[PDB]
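Beneath this line is the structure, given in structure tokens, with notes to follow.
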Amino acid sequence: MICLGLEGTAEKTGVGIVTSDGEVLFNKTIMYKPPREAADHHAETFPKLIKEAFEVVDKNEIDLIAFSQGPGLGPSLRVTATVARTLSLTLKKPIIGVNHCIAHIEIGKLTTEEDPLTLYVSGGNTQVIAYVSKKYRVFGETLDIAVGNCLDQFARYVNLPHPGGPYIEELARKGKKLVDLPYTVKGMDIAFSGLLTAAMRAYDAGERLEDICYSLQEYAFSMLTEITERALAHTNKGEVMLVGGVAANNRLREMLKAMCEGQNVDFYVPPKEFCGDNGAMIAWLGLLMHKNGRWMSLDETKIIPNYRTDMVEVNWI
Amino acid sequence: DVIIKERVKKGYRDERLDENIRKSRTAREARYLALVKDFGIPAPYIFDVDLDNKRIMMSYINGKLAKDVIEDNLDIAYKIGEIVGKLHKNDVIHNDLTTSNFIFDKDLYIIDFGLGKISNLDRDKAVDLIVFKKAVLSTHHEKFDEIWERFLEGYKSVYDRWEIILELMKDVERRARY
Amino acid sequence: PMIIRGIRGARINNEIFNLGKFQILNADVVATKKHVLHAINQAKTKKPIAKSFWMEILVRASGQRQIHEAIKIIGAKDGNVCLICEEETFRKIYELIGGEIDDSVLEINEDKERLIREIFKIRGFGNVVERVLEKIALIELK
Amino acid sequence: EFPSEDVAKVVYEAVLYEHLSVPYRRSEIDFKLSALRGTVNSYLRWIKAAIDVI
């Protein structure tokens, strides 16, 4: 019994094939390169990825199909859902919708080490998540822009190539002087719009690019670290887990590691392929729910563009 | 009695900005915990201040935190509404309201004010209302409706322009994906 | 331990400043011994705001950055006075200025409370003595 | 037109489900066996994706 999972909530079209034993029979992704939409990229890429998936393993082998229902863009979720429905009907095999953020959390848990308070930071979604009282809730989140989104916007303004995560990281690696920008932390929330605006102003002031980038990364990762600390105190989680694309930054990784060591807790990040938006996470989560009796029908597979982690039901735990 | 509060230098962050933020937060907390009593809001007294050491020594209040008994005694929700509408009327924009920034022994004091700010922006007030709503929902979702209703009743009692900002609040709540 | 005294009906004389190590305040405006103790603590530990520590005590008691205004708000006047000094000098100042020793001149009555509130612009809810302590402590800002 | 009828039937059974998940339509559209241009292009994209999944 194995599953084939599709991730299309964002610019990344990911196709994976995952077994019930926990292994990954196959995995691959394509990151949409903005010059169309993420939905068009999903439509034009899922055929090729699925053909490759059959090439690796016979199409008759995959016992389940899973797709990222949400949260995420509208058209992208539409395309992934329709492709998954077509696959399920053609193979006459079950189809299941999975929560993409919960997929991130679960793939991270599987590919590393239990119940990690998960800082999910990406280019369109930043929030701290944790499984408490039988449901995965957001214990903190942005209010205007996402940390990855803010860094990417800063990159476009400063002409840094897309993506700017690893680029801003390398430019901050050689920074000493800190510019003054607002440090907005409302309870367990952040407003990266203020930070992005302040960085815009500082850049408009002729500040050293390295200095401003270092300051922005320090600010943003510091607030993320602080809300992660607050959510750890709130939840007493046994380990932080940085997930999403922005996990590629060693600067953020070391700030989180320093925090967690200070709090006598462990900080984890899974492999590079699994951190980003992969099909393997979708396949793993869909098969996780299928293993415990999550029977979904055609009528139940509509898209949920604002799918909240609190809108999910979890039995796999 | 009296207690001393310090903004320790968290190692994980940059020492320069760490000290800068600790100093700024200590200064803002002192200034606004003092200015809050100009509006009749109970609060601890600032007996002594130390910016260099980031140590502020203030009166100690022997009362259960709001988050501890707010659900058990819903009237504390009304009191929080009153002592937040006082802030908003006076434009002292508390940016980090939670049910842990208040103590209840005989009267409801406001303990922490680290992130406070003076602003006449109703949008900011709506944002901070949403912040408190999210905090109370996360901590005691089981009683979010009743606690929120009593808090808004207090807000109405003390603050008059509430509706305007409350309308604004709804708009801010509508910041999601189509 | 610094010596603080409250004298009623003291005959203020200018040439005392010529003799020169002491500070004179308006006993009515100054709240109570807590005001003086907070002033001395702030003058000793915190960064002094004035060149001379002795009148730095007066500046601390005044509660605002400016000095001459501290003088006119809390500077002593004819009659009642509050003397802060370090024994023999206290006796000499008592003999010269004159007056009657009365600790009650430093305590707070209704009239004294209204004086304090009017002078310090304390418009809020809270104990007067704690509020003046807080006002002096908040001098470290702006 | 379609090369045959079975392929059209499968494409319809696959896309009409997505069609019925959006209640508010810009204008009347026949789907059976400037905003209008873009919307029709969207359904064309849906039909394409659906057929090339096979």
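For the structure tokens, the naming scheme is as follows: chains receive sequential letters (A, B, ...) according to their order of presentation, residues are indexed from 1 within each chain, and ligands are indexed from 1 in presentation order.
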
| task | Please report, as a VMD selection string, each residue of region 95-138 of chain C to which DSSP assigns helix (DSSP H, G or I) when run on this structure's backbone. | result | chain C and resid 95 to 97 103 to 106 110 to 120 128 to 137

| request: Taking the DSSP assignment computed from this structure's backbone, write out as an NGL selection string all residues of region 53-116 of chain A that belong to strand (DSSP E). | output: :A and (64-70 or 95-99)

| task | Please provide as a PyMOL selection string all residues within 6 Å of region 100-105 of chain B, with the sequence filter that same-chain residues fewer than 6 positions apart are discarded (counting only C-alpha atoms). | result | chain B and resi 63-67+111-112

Could the residues in this selection be written to a file with C-alpha atoms, as an mmCIF file, in the first residue's frame?
data_model
loop_
_atom_site.group_PDB
_atom_site.id
_atom_site.type_symbol
_atom_site.label_atom_id
_atom_site.label_comp_id
_atom_site.auth_asym_id
_atom_site.auth_seq_id
_atom_site.Cartn_x
_atom_site.Cartn_y
_atom_site.Cartn_z
ATOM 1 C CA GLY B 63 -3.209 39.462 42.910
ATOM 2 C CA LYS B 64 -4.014 36.658 40.494
ATOM 3 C CA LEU B 65 -3.217 37.388 36.862
ATOM 4 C CA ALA B 66 -6.169 38.167 34.613
ATOM 5 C CA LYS B 67 -5.546 35.067 32.492
ATOM 6 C CA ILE B 111 1.340 45.318 34.938
ATOM 7 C CA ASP B 112 3.325 45.314 31.699
#

Interface list for chain B, partner chain C, 10 Å threshold, only C-alpha atoms, as an mmCIF file with N, CA, C and O atoms, in the first residue's frame:
data_model
loop_
_atom_site.group_PDB
_atom_site.id
_atom_site.type_symbol
_atom_site.label_atom_id
_atom_site.label_comp_id
_atom_site.auth_asym_id
_atom_site.auth_seq_id
_atom_site.Cartn_x
_atom_site.Cartn_y
_atom_site.Cartn_z
ATOM 1 N N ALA B 27 12.597 51.878 28.808
ATOM 2 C CA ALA B 27 12.178 53.275 28.822
ATOM 3 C C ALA B 27 10.692 53.409 28.515
ATOM 4 O O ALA B 27 9.967 54.139 29.201
ATOM 5 N N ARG B 28 10.220 52.713 27.479
ATOM 6 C CA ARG B 28 8.808 52.790 27.125
ATOM 7 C C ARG B 28 7.931 52.238 28.239
ATOM 8 O O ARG B 28 6.893 52.823 28.568
ATOM 9 N N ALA B 30 8.573 52.102 31.480
ATOM 10 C CA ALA B 30 8.532 53.068 32.572
ATOM 11 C C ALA B 30 7.606 54.225 32.232
ATOM 12 O O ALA B 30 6.680 54.547 32.992
ATOM 13 N N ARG B 31 7.820 54.839 31.067
ATOM 14 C CA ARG B 31 7.061 56.028 30.708
ATOM 15 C C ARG B 31 5.569 55.743 30.686
ATOM 16 O O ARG B 31 4.776 56.527 31.218
ATOM 17 N N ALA B 34 3.869 54.785 33.976
ATOM 18 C CA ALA B 34 3.636 55.985 34.769
ATOM 19 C C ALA B 34 2.480 56.804 34.207
ATOM 20 O O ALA B 34 1.567 57.189 34.946
ATOM 21 N N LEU B 35 2.498 57.071 32.900
ATOM 22 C CA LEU B 35 1.468 57.894 32.278
ATOM 23 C C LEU B 35 0.089 57.254 32.347
ATOM 24 O O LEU B 35 -0.913 57.954 32.179
ATOM 25 N N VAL B 36 0.012 55.943 32.581
ATOM 26 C CA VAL B 36 -1.282 55.273 32.596
ATOM 27 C C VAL B 36 -2.121 55.746 33.774
ATOM 28 O O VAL B 36 -3.348 55.856 33.664
ATOM 29 N N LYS B 37 -1.490 56.036 34.914
ATOM 30 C CA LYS B 37 -2.231 56.481 36.087
ATOM 31 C C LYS B 37 -2.841 57.864 35.912
ATOM 32 O O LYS B 37 -3.695 58.249 36.717
ATOM 33 N N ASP B 38 -2.430 58.618 34.891
ATOM 34 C CA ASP B 38 -3.087 59.886 34.605
ATOM 35 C C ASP B 38 -4.539 59.689 34.195
ATOM 36 O O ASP B 38 -5.307 60.657 34.187
ATOM 37 N N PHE B 39 -4.927 58.462 33.848
ATOM 38 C CA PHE B 39 -6.271 58.159 33.376
ATOM 39 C C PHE B 39 -7.041 57.280 34.355
ATOM 40 O O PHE B 39 -8.036 56.657 33.973
ATOM 41 N N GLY B 40 -6.600 57.214 35.607
ATOM 42 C CA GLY B 40 -7.316 56.472 36.624
ATOM 43 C C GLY B 40 -7.140 54.975 36.572
ATOM 44 O O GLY B 40 -7.837 54.263 37.303
ATOM 45 N N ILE B 41 -6.233 54.473 35.742
ATOM 46 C CA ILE B 41 -6.028 53.038 35.576
ATOM 47 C C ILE B 41 -5.080 52.569 36.677
ATOM 48 O O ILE B 41 -3.951 53.076 36.756
ATOM 49 N N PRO B 42 -5.480 51.626 37.527
ATOM 50 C CA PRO B 42 -4.538 51.100 38.520
ATOM 51 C C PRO B 42 -3.325 50.482 37.840
ATOM 52 O O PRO B 42 -3.432 49.867 36.778
ATOM 53 N N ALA B 43 -2.162 50.663 38.456
ATOM 54 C CA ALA B 43 -0.914 50.146 37.915
ATOM 55 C C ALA B 43 0.128 50.153 39.024
ATOM 56 O O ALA B 43 -0.031 50.866 40.022
ATOM 57 N N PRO B 44 1.192 49.364 38.891
ATOM 58 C CA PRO B 44 2.273 49.426 39.879
ATOM 59 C C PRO B 44 3.035 50.740 39.801
ATOM 60 O O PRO B 44 3.206 51.327 38.730
ATOM 61 N N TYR B 45 3.494 51.198 40.963
ATOM 62 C CA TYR B 45 4.285 52.414 41.056
ATOM 63 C C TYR B 45 5.730 52.144 40.649
ATOM 64 O O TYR B 45 6.317 51.116 40.991
ATOM 65 N N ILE B 46 6.307 53.097 39.920
ATOM 66 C CA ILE B 46 7.691 52.998 39.470
ATOM 67 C C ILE B 46 8.586 53.636 40.524
ATOM 68 O O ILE B 46 8.867 54.838 40.474
ATOM 69 N N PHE B 47 9.031 52.839 41.497
ATOM 70 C CA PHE B 47 9.824 53.397 42.586
ATOM 71 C C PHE B 47 11.203 53.830 42.104
ATOM 72 O O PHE B 47 11.687 54.900 42.491
ATOM 73 N N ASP B 48 11.859 53.024 41.269
ATOM 74 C CA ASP B 48 13.169 53.410 40.759
ATOM 75 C C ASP B 48 13.409 52.802 39.384
ATOM 76 O O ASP B 48 12.850 51.755 39.048
ATOM 77 N N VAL B 49 14.262 53.464 38.606
ATOM 78 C CA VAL B 49 14.545 53.100 37.224
ATOM 79 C C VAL B 49 16.055 53.036 37.037
ATOM 80 O O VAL B 49 16.803 53.826 37.622
ATOM 81 N N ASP B 50 16.503 52.087 36.214
ATOM 82 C CA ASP B 50 17.920 51.956 35.872
ATOM 83 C C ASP B 50 18.006 51.534 34.409
ATOM 84 O O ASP B 50 17.809 50.360 34.083
ATOM 85 N N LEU B 51 18.295 52.497 33.530
ATOM 86 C CA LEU B 51 18.386 52.194 32.106
ATOM 87 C C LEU B 51 19.654 51.413 31.782
ATOM 88 O O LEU B 51 19.623 50.479 30.973
ATOM 89 N N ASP B 52 20.779 51.782 32.398
ATOM 90 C CA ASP B 52 22.034 51.092 32.115
ATOM 91 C C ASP B 52 21.935 49.612 32.459
ATOM 92 O O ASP B 52 22.268 48.748 31.641
ATOM 93 N N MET B 58 9.576 48.355 40.944
ATOM 94 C CA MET B 58 8.215 48.861 41.031
ATOM 95 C C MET B 58 7.470 48.138 42.141
ATOM 96 O O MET B 58 7.879 47.072 42.601
ATOM 97 N N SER B 59 6.345 48.722 42.543
ATOM 98 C CA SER B 59 5.535 48.130 43.598
ATOM 99 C C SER B 59 5.073 46.734 43.201
ATOM 100 O O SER B 59 4.751 46.473 42.039
#

| message | List as number ranges by chain the protein and nucleic acid residues near residue 195 (chain A), meaning an atom at most 10 Å away when only C-alpha atoms are counted, but skip any in the same chain fewer than 2 places from it. | response | A: 145, 147, 150-151, 154, 181-184, 190-193, 197-201, 216-217, 219-220

For the interface of chain D with chain A (cut-off 8 Å, counting only C-alpha atoms), please tabulate each contacting residue of chain D alongside its nearest pair of atoms and their separation in Å to one decimal, rows sorted by chain and increasing number, as a Markdown table.
| residue | atom | partner | partner_atom | distance |
| --- | --- | --- | --- | --- |
| D:14 | CA | A:86 | CA | 6.4 |
| D:15 | CA | A:82 | CA | 7.3 |
| D:18 | CA | A:82 | CA | 7.2 |
| D:21 | CA | A:302 | CA | 7.0 |
| D:45 | CA | A:40 | CA | 7.8 |
| D:46 | CA | A:79 | CA | 7.3 |
| D:49 | CA | A:43 | CA | 5.2 |
| D:50 | CA | A:83 | CA | 6.5 |
| D:52 | CA | A:47 | CA | 6.6 |
| D:53 | CA | A:47 | CA | 5.3 |
| D:54 | CA | A:90 | CA | 7.8 |

| field | Non-local contacts of residue 67 (chain C) (9 Å; only C-alpha atoms; under 5 positions in same chain excluded) as a PyMOL selection string | value | chain C and resi 50+56+58-59+62+72

Please, could you write that set of residues out with N, CA and C atoms as a compact mmCIF listing (two decimals), in the first residue's frame?
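So out.txt came out as:
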# COMPACT_ATOMS: atom_id res chain seq x y z
N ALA C 50 23.08 68.04 38.12
CA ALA C 50 23.64 69.35 38.43
C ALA C 50 25.08 69.21 38.88
N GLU C 56 21.96 69.47 43.60
CA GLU C 56 21.43 68.37 42.82
C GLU C 56 20.30 67.67 43.56
N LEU C 58 18.12 69.30 45.39
CA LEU C 58 16.98 70.16 45.10
C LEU C 58 16.45 69.91 43.70
N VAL C 59 17.35 69.78 42.72
CA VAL C 59 16.92 69.53 41.35
C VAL C 59 16.18 68.19 41.26
N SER C 62 12.74 68.64 42.63
CA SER C 62 11.87 69.43 41.76
C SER C 62 11.15 68.55 40.75
N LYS C 72 12.66 77.92 41.90
CA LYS C 72 11.47 78.69 42.23
C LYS C 72 10.31 77.81 42.68
